[PDB]
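Please read through the structure below; I'll follow up with questions.
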2 protein chains.
Amino acid sequence: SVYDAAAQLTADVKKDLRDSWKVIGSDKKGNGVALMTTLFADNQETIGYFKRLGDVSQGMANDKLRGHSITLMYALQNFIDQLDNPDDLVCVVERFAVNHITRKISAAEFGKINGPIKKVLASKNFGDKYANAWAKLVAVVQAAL
Amino acid sequence: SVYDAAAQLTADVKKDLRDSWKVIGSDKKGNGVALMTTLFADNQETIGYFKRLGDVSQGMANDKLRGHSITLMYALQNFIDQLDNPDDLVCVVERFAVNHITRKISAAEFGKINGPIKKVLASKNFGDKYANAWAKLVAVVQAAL
Ligand code: HEM
Ligand code: HEM
């Protein structure tokens with residue numbers, strides 16, 4: 001249950017999420033694109049899912065990829081802001097899931113985002129403790145896929 | 001031309017958008033639902049598009065509608081944040097348009113949101129000047145549909 005997954009977000013976990021987000025979320029365009037480019041670099045098999053974005057090897061220059069990356073970051077902004085109210089977190093996550101389910105993105109495939117997140121966090125000096133916190137947020141979405 | 005539409009967002013317009021957003025964007029759940037329920041009240045012919053959300057007449061009590069409403073507000077948050085850079089505003093508007101286009105939403109359809117926005121702003125003591133500012137932002141989206 002998505003609700004059961006949201007239970008893993010204890011006070012300490014929510015604290016690390018907000019603290020780290022104040023930094024990585026402060027530069028959505030730069031960090032969002034870093035996330036996507038890292039995803040494609042370490043998981044080439046996922047490139048096929050994003051054919052609508054054109055040539056993703058163009059990075060920042062690709063306007064479609066840039067728009068997707070910035071938008072992706074606002075979905076994370078949404079999750080972070082609903083952390084204190086499980087009911088709101090759950091309804092936003094379930095809607096979010098709808099389109100990813102239609103695209104046939106399994107819970108395991110979605111989990112591939114953990115790698116890129118860990119690296120982006122590391123680039124800002126946020127270690128394993130923070131990566132584990134983020135993996136728990138991602139697990140909430142996985143519970144809905 | 002989406003670019004020409006975005007060029008209509010002058011200094012005064014951007015300032016008015018930010019000032020009003022400071023208030024309405026502070027309660028995304030409340031004002032998001034208000035915007036959707038006003039839309040369904042003023043333009044019943046649009047309800048058919050949200051069939052997946054169940055009984056939208058339930059407003060806040062409808063989990064799916066609440067989830068959609070909160071998420072809608074983050075798209076607006078996204079647009080407001082890109083006001084400093086037209087290139088970034090345009091690229092996010094174009095990705096946003098993609099799903100609405102797939103849903104066959106035309107520019108004539110999308111413009112119906114101007115009424116509800118004007119009413120929500122008014123409920124928060126924001127008059128004509130602000131309603132006109134937001135109409136210009138909506139115009140950017142319409143130009144991409
Ligand atoms: C932190 C995790 C992620 C977030 C916050 C995120 C967010 C989003 C958002 C906001 C959209 C745009 C709205 C829509 O659904 O149409 C989207 C689209 C999409 N996402 Fe995710 N996503 C994430 C991870 C992934 C992963 C891991 C995959 C697959 C490997 C994936 C595949 C897709 C695809 C195929 C689209 C459609 C792009 C297009 O062709 O327009 N997403 N995602
Ligand atoms: C300021 C105006 C609006 C904003 C900011 C907005 C925002 C959004 C967002 C963020 C989504 C979720 C992501 C996606 O699936 O693309 C969405 C979905 C949707 N929008 Fe829009 N939208 C607006 C107006 C409208 C209007 C006027 C219509 C129709 C007349 C419309 C119809 C839809 C539909 C059918 C969905 C899918 C809902 C669901 O099944 O969960 N939108 N919109």
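Atoms considered below: every heavy atom in the structure, side chains included; atoms not considered: hydrogens, waters and symmetry mates. Chain naming here is simple, since letters A, B, ... match the order of the sequence lines and numbering starts at 1 in each.
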Residues in salt bridge (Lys or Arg N to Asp or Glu O under 4.0 Å) with B:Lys64, at least two apart?
none
Through direct or indirect side-chain contacts below 4.5 angstrom among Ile, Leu, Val, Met, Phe, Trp and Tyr, which residues connect to B:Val33?
B:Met60
Matching residue for A:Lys29 among B:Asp88, B:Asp81, B:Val92 - test: side chain to side chain contact (heavy atoms under 4.5 Å, CB included)
B:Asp88
Go through the structure and list residues passing side-chain contact (heavy atoms from CB on, under 4.5 Å) with A:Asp84, not counting sequence neighbours.
A:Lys14, A:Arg18
Side-chain contact test, heavy atoms from C-beta onward, threshold under 4.5 Å: evaluate it for B:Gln77 versus A:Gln77 and give yes or no.
no
Would you say A:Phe79 and A:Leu9 make side-chain contact, with heavy atoms under 4.5 Å?
no
In a table with atom names and distances, give each donor-acceptor pair under 3.5 Å that connects a side chain of residues 131-141 of chain B to protein atoms at least two apart or in another chain.
unit_1	atom_1	unit_2	atom_2	d
B:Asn132	ND2	B:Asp128	O	3.4
B:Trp134	NE1	B:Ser20	OG	2.8

Going by side chain to side chain donor-acceptor pair (under 3.5 Å), name the residues that satisfy it together with A:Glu109, two or more places apart in sequence or in a different chain.
A:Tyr49, A:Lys112
Results of salt bridge (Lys or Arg N to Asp or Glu O under 4.0 Å) for B:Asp19 - residues two or more places apart only:
B:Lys15
For residues 97-107 of chain B, which side-chain N or O atoms pair as donor and acceptor with protein atoms under 3.5 Å away, sequence neighbours left out?
unit_1	atom_1	unit_2	atom_2	d
B:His100	ND1	B:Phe96	O	3.1
B:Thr102	OG1	B:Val98	O	3.0

Are there more than 12 heavy atoms of other residues, nucleotides or ligands under 6.0 Å from atom NZ of B:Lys28?
yes
OG1 of B:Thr38 to CG of B:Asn43, rounded to nearest 0.5 Å, is 10.5 Å
If hydrophobic clusters are built from ILVMFWY residues whose side chains come within less than 4.5 Å, do B:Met73 and A:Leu83 share one?
no
Closest contact, heavy atoms only, A:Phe110 versus A:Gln142
CD2-CG, 4.3 Å
Straight-line distance of B:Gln44 CD to B:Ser57 OG, nearest 0.5 Å
11.0 Å
Under 3.5 Å, is there a donor-acceptor pair between the side chain of B:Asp16 and the main chain of B:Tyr130?
no
My understanding is that only residues two or more places apart in sequence, or in another chain, count here; which of them pass side-chain contact (heavy atoms from CB on, under 4.5 Å) with B:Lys124?
B:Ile24, B:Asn31, B:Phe126
Single hit among A:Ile70, A:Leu72, A:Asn78 for side chain to side chain contact (heavy atoms under 4.5 Å, CB included) with A:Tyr74
A:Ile70
With sequence neighbours excluded, what pairs up with A:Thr46 under the side chain to side chain donor-acceptor pair (under 3.5 Å) test?
none
Is it the case that atom CG in B:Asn125 sees more than 12 heavy atoms from other parts of the structure closer than 6.0 Å?
no
Check for me, please, whether B:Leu89 and B:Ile117 land in the same ILVMFWY cluster - side-chain distances under 4.5 Å, paths through other members count.
yes
Once rounded to the nearest 0.5 Å, what's the spacing between atom CG of B:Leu53 and atom CD of B:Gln58?
11.0 Å
Side chains of B:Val93 and B:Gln82 in contact at under 4.5 Å (non-hydrogen atoms):
no
In terms of side-chain heavy atoms, does A:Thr10 have a donor or acceptor partner in A:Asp12 at a distance below 3.5 Å?
yes
Salt bridge (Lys or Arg N to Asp or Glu O under 4.0 Å) partners for B:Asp42, two or more places apart:
B:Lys119
Tell me every residue that passes side-chain contact (heavy atoms from CB on, under 4.5 Å) with A:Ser26, counting only those two or more places apart in sequence or in another chain.
none
Within the supplied structure, the quantity of interest is the number of heavy atoms (other residues, nucleotides, ligands) at a distance under 6.0 Å from B:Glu45 CD; does it exceed 12?
yes
Give the intermediate values and the outcome of side-chain contact (heavy atoms from CB on, under 4.5 Å) for residues B:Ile113 and B:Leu35.
CA-CA 8 Å; B:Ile113 197 62; B:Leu35 179 59; 3.8 Å; yes
Residues in side-chain contact (heavy atoms from CB on, under 4.5 Å) with A:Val90, at least two apart?
A:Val2, A:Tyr3, A:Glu94
